[PDB]
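First comes one chain, alone, set out as structure tokens in the form deposited in one PDB entry.
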């Protein structure tokens, strides 16, 4: 597969797939293509995306087994508004825990930058304003700086991810066993 909303083989996740996802959104000022590869050994089940800013029409891919990746996208709210796309995706995992992913693609790059983060929480925790504040303000998010960043997640897992710095953003994340 190759479109936002699909669950594909994990090895198939890569730039060309995401670039096509990003271009499919068309001419909007702020948008993001997200790909997350599950090599965690756990099965993931979608909970929700909390949009602090912006929106998506993509059904969050529901079941993402080990060895599979999900494709997703988001974009700024329609019309002459000076806002970007900022949100948190939450998946529950078969171990009873939650994988949380932050993305932030701001409107005003004079003041703000691209950011992302990945965290595992114990228990099933839906994405919400509180989780957004935790991931963005308190939990040392990574900059969308055209670099790869890796970090242990606890619970026997680790994350590695890459995000560019512009308003047409690509975020690629791989979750693996630590």
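For clarity, a rigid core is taken as the largest C-alpha set superposing within 1.5 Å between two forms. Residues that one form lacks are left out of the comparison. Numbering follows the first chain given and starts at 1.
Although it is not shown, the form deposited in another entry is what the next lines describe.
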query: Exceeds or equals 2 Å, Cα of residue 28 between this form and the one not shown, core fit; finding: yes
query: Residue 154: Cα shift of 2 Å or greater between this form and the one not shown (core-aligned); finding: no
query: Rigid-core frame, C-alpha of residue 170, shift of 2 angstroms or more between this form and the one not shown; finding: no
query: Sense of the change in Cα distance from residue 25 to residue 108 in the other form - at least 3 Å versus the shown form; finding: closer
query: In the other form, whether the C-alpha atoms of residue 63 and residue 12 sit closer or farther than here (change of 3 Å or more); finding: farther
query: Consecutive-residue runs (3+) with Cα displacement of 2 Å or more between this form and the one not shown, core aligned; finding: 3 to 28
